[PDB]
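The structure appears below as structure tokens.
FYI the Cβ positions are ideal-geometry reconstructions off the backbone, even for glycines, and counts take in every protein chain you see. Just so you know, all these numbers are worked out from the coordinates, no wet-lab data involved.
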Amino acid sequence: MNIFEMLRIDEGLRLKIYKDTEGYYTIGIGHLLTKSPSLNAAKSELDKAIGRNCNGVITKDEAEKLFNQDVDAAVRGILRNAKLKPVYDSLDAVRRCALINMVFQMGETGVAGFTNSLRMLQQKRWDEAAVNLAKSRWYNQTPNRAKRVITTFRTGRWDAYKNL
């Protein structure tokens, strides 16, 4: 298992513009297009993103291309972030995937806000950090996914994703 396979389990693949758990316009493998309520604003962002007139629909190929860019940007954002970098560097390869997953879902900013859990992950207090991460809007709004990510940080293994 790797970051791509992991995210693809969590996000799914949809070739037609769709709405987020949050109600936001998205396409592909969890590629948010706009937080704006117009399908029209979304379509426009889509065409801008792909470089063609898509009419709200993309190919598998275009979905994977957007996915590769998004993953690359998530990693690079972690590496550029003063709060995230040190945690990332401290972690093993599997746990690094769990932090990447959070950044992809919620953005650098959002994750950098989990001050206390970050501190615990740096200290390698796995059980404590898993309890602290669960105390969040994130866990309450998308519990099955948060639970997979959390198990990943707790164990350092891919068990949560075996089932799936």
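Condition test on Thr59, is it closer than 20 Å to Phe4 by Cβ and of a type in the set (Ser, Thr, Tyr)? Spell out how you get there, then give the answer.
Values: closer than 20 Å to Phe4 by Cβ: yes; of a type in the set (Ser, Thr, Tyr): yes.
Answer is yes for this residue.
Residues of the range 2-56 that are of a type in the set (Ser, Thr, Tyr) and under 21 Å from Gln141 (Cβ atoms): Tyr18, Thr21, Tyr24, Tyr25, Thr26, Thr34, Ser36.
Given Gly28, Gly56, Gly23, which one is within 21 Å of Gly12 (Cα to Cα) and buried (at least 20 other Cβ atoms within 10 Å of the Cβ)? It would help to see each step written out before you state the result.
Details: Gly56 fails: buried (at least 20 other Cβ atoms within 10 Å of the Cβ); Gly23 fails: buried (at least 20 other Cβ atoms within 10 Å of the Cβ).
On inspection, the qualifying residue turns out to be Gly28.
Take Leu46 and decide whether it is over 21 Å from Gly107 (Cβ atoms) and out of contact with any helix residue (DSSP H, G or I) (no Cβ under 8 Å at 6 or more places or on another chain). Step through it out loud before you land on a result.
Numbers: over 21 Å from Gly107 (Cβ atoms): no; out of contact with any helix residue (DSSP H, G or I) (no Cβ under 8 Å at 6 or more places or on another chain): yes.
No.
I'm trying to understand the selection: among the residues of the range 109-164, which are surrounded by fewer than 14 Cβ atoms within 10 Å (Cβ to Cβ), within 24 Å of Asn2 (Cβ to Cβ) and in contact with a helix residue (DSSP H, G or I) (Cβ under 6 Å, 6 or more places away or on another chain)? Within the range 109-164, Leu164 is the sole residue that qualifies.
Would you confirm whether any residue within the range 32-53 is under 26 Å from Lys162 (Cβ atoms) and either surrounded by fewer than 18 Cβ atoms within 10 Å (Cβ to Cβ) or among the aliphatic types (A, V, I, L, M) (or both)? Scanning the range 32-53 turns up no residue that is under 26 Å from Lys162 (Cβ atoms) and either surrounded by fewer than 18 Cβ atoms within 10 Å (Cβ to Cβ) or among the aliphatic types (A, V, I, L, M) (or both).
Number of residues in the range 1-21 that are more than 13 Å from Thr59 (Cβ to Cβ) and more than 14 Å from the chain's Cα centre (by Cα): the value is 4. Summed over the range 82-98, residues that are within 13 Å of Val149 (Cα to Cα) and either touching a residue at least 24 places away in the same chain (Cβ under 8 Å) or of a type in the set (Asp, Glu) (or both) total 4.
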